[PDB]
Amino acid sequence: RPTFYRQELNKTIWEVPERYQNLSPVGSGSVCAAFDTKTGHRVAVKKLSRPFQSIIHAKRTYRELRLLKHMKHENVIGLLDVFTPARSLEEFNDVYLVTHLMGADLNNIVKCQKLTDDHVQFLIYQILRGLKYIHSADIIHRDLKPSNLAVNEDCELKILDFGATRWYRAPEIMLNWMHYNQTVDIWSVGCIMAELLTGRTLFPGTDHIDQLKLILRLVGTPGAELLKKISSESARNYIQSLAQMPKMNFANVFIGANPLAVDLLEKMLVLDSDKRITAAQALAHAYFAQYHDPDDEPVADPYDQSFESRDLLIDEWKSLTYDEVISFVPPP
Ligand SMILES: CN(C)CCN1CCN(C(=O)c2cc(C(C)(C)C)sc2NC(=O)Nc2cccc(Cl)c2Cl)CCC1=O
Ligand SMILES: CCCCCCCCO[C@@H]1O[C@H](CO)[C@@H](O)[C@H](O)[C@H]1O
């Protein structure tokens, strides 16, 4: 069991093994960049804030540990290490997670290099590939946007969650529809891709209602087939009252873009989540012919998330979390 050492960073106490050097704040859990003096590579180390404060917190701690221990894909954050100072369960009250440091996020790439059609094809391919793997474990990202995308200098990408966000949110998450299918994340990819093509935020809503108005101006007011599914008496009368926007002709909107990009955008940015292309379908889209390889778009091992429907005690969440810390095997 390594020797730990205590350090102070922007008001936070950090106890990590010696192995991890040159800590410097990256944001606020909180996250430091560090040098792994054991393998020679830069890492990001996340310290979980108040992991066991609530039942909701204690569960979310367990969730994060479980999810990350299961993600083993090129385009999704992976776990290099997980550790705690605590030599036993009684002492246990802090959690740290370790991943590969990617040096920049996608907003950074976007505000200071105008991207080629070839770049957009590569970056969105990678999001979809990571997303196929995510979706096959039955997991929904729900908060996909450029700041949750890590990119290196070869423009290689991983999907992650640092925890407006609204600009990339599916209109149904902002109406609290509640079931949500995995294409919520495909609506996000549409917003990300549009902005990679344009250099501009597709939907810069000022707030929650402006967001929705902006979306409705692009895609139009809901079609009969969609109105049809609004089981809620509620919505329907309100929507029919609105300025009855027709769906904008996307070719006209994303003018000079590759026509396969446009066509892929029309298949992601559909109001009706039942009609949006899946991550799998999208990888087979002709827009990605240069990068597509059906033998190299792997799906995840079965993910046991029976724990999600469980209501347990803080002490149980914590002890479960501890066993997950103990059982961690690092990758090669
Ligand atoms: C209900 N719910 C889907 C929304 C809230 N979630 C967020 C999702 N989550 C997560 O923990 C989560 C899920 C992820 C995918 C993309 C695979 C979907 S990535 C990630 N966490 C993460 O990226 N951590 C991290 C980031 C930078 C540096 C370091 Cl060092 C690390 Cl450890 C688990 C916690 C929770 O409850
Ligand atoms: C302002 C009008 C925008 C509302 C967007 C509704 C489109 C979401 O799409 C809907 O999502 C649900 C999954 O949560 C599905 O159950 C519905 O069948 C599907 O049509």
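Both counts, for ligands and for their atoms, begin at 1 and track the order of listing. Counting from 1, the numbers follow the sequence of the chain as shown. As a basis for the values below, the full set of heavy atoms in this structure was taken, side chains included, without hydrogen atoms, waters or symmetry mates.
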Closest non-hydrogen protein atom to [atom], residue and atom name please, with distance?
{"atom": "atom 36 (O) of ligand 1", "value": "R63 NH1, 2.9 Å"}
{"atom": "atom 16 (C) of ligand 1", "value": "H141 ND1, 3.5 Å"}
{"atom": "atom 8 (C) of ligand 1", "value": "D161 OD2, 3.5 Å"}
{"atom": "atom 13 (C) of ligand 1", "value": "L67 CD1, 3.5 Å"}

Contact check: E64 vs ligand 1, nitrogen or oxygen atoms, below 3.5 angstrom: yes
Kindly confirm or rule out an N or O of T99 lying under 3.5 angstrom from an N or O of ligand 1. no
Would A44 count as a contact residue for ligand 1, given that I'm defining contact as a non-hydrogen atom of the residue lying under 4.0 Å from a ligand atom? yes
For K229, take its heavy atoms, then give the atoms of ligand 2 lying under 4.0 Å from any of them. 18 (O), 20 (O)
Under 4.0 Å to a heavy atom of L271 - the qualifying atoms of ligand 2, by number: 7 (C), 8 (C), 9 (O)
Contact bool for atom 4 (C) of ligand 1 (protein heavy atom, d < 4.0 Å): no
Give yes or no for whether the N/O distance cutoff of 3.5 Å, strictly under, is met between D272 and ligand 2. yes
Would you find a donor on one side and an acceptor on the other, under 3.5 Å apart, between the side chain of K111 and the backbone of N108? yes
Below 4.0 Å, non-hydrogen atoms only: which portion of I215 touches ligand 2? Side chain, backbone, both or neither. neither
Which bit of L175 is near ligand 2, meaning a heavy atom under 4.0 Å away: side chain, backbone, both or neither? side chain
